[PDB]
Amino acid sequence: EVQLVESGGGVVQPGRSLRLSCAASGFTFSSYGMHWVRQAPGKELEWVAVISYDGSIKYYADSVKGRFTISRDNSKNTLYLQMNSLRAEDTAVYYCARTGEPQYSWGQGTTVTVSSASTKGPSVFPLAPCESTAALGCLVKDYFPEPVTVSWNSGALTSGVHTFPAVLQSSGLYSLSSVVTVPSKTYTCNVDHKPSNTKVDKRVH
Amino acid sequence: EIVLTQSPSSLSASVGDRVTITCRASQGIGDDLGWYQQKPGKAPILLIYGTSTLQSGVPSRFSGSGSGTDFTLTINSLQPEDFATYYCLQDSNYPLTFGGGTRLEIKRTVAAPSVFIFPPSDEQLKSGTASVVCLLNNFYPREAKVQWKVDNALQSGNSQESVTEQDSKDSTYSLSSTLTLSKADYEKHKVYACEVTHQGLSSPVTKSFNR
Ligand code: NA
């Protein structure tokens, strides 16, 4: 089966350089051209660059021309994207796509985040009010980078739970809330932030 | 570049329905337009290319038509797995360009939101920041309006909203609005009110508290 596995994504400071790679398997890599396509948060796909099967012809999107370089190693079945002078606008999921002349076959992509933020664990605050159904939650504030996972009562509570997508705050840190409605018992949200090795249990009263 | 205008940005349908999604090029692109399907956290999958040529394995309920500048995606008899986001794609020239996308959501009866307001925790106040959270729980359709009033003073530019994906059980959405103030600004006002406008409510509902 056709396989494309992007890697190399991560958090990179603005102005730094990063190298994305794409491992291809299941087909004759040296016989196909390859594209790079990215998906900024909340936006549609944006084409980035293309490269012929032998690597002699390279075209770039205007927004990345002069900064990005596309290359390939047919002996390694690996496609590359060298990103220089990275900007905040360059944050996105970078996809690897094969073309033919299945018109386009895509990998799962790798995430690139351009930010000056330092890895930071989240602050967990309770959400309590001050009628049958009631509502409680947790405010996971000022953490970086994505993601965080939130359970309730160690996973014993799932019905009625809503963990909202994080929003990017002016400070460069992320913040989200997790809420659950209950019939008007102990309630504890469990916050997990892998990047900082932070694990927090907070009861709500 | 060749700009693709996709319509509509979202669409409501039911299983078994027939769906039509439109995409217009700012200039002639012949028949070099395809259609992509994507779901949250998944890579796009090509469904149709060459205007009308259905890619191997794609169900026959998918079909493309039109040539020149206007292009259409049609899905006969929707299936539960078909609810996702669709994009048109053109590779006639460089750069390759994509449409805005169309989020195809499950249509459902109108459901008013449950509204809750949470004051800022005392723990957070010790830090110098105050977050007031307003919750719109399980409502439909997705469109809603939340207005923050602090002592009857309409707030602007100091809140962020977050919407969940359409629920897989009841097909509703949920939304959070967060008013962010500093400890100083917050302690200088008494009543914090969240007014929610939704077509499931006979009139807007206001949840509030006195600090
Ligand atoms: Na959020």
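Counting starts at 1 for both ligands and their atoms, in listed order. Convention: sequence-line order gives letters A, B, ...; per-chain numbering from 1.
Under the 6.0 Å distance and 45° angle rule, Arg24(B) does not count as a cation-pi partner of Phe71(B). Seen from the ring of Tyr187(A), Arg203(A) does not count as a face-on cation partner, given the 6.0 Å and 45° thresholds.
Listing protein N, O or S atoms at distances below 3.0 Å from the Na ion (ligand 1), with waters left out, gives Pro165(A) O.
Among residue pairs with one or both ends in residues 79-90 of chain A, those qualifying as side chain to side chain donor-acceptor pair (under 3.5 Å) are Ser17(A)-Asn84(A), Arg38(A)-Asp90(A), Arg67(A)-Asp90(A); sequence neighbours excluded.
Summarising the geometry of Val64(A) relative to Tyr60(A), their closest heavy-atom pair is CG2-CB, 4.2 Å, with the distance given to 0.1 Å.
Ring pair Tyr36(B)/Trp106(A): centre-to-centre distance below 6.0 Å.
Checked for salt-bridge contact, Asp151(B) and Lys149(B) miss the test: no charged N lies under 4.0 Å from a carboxylate O.
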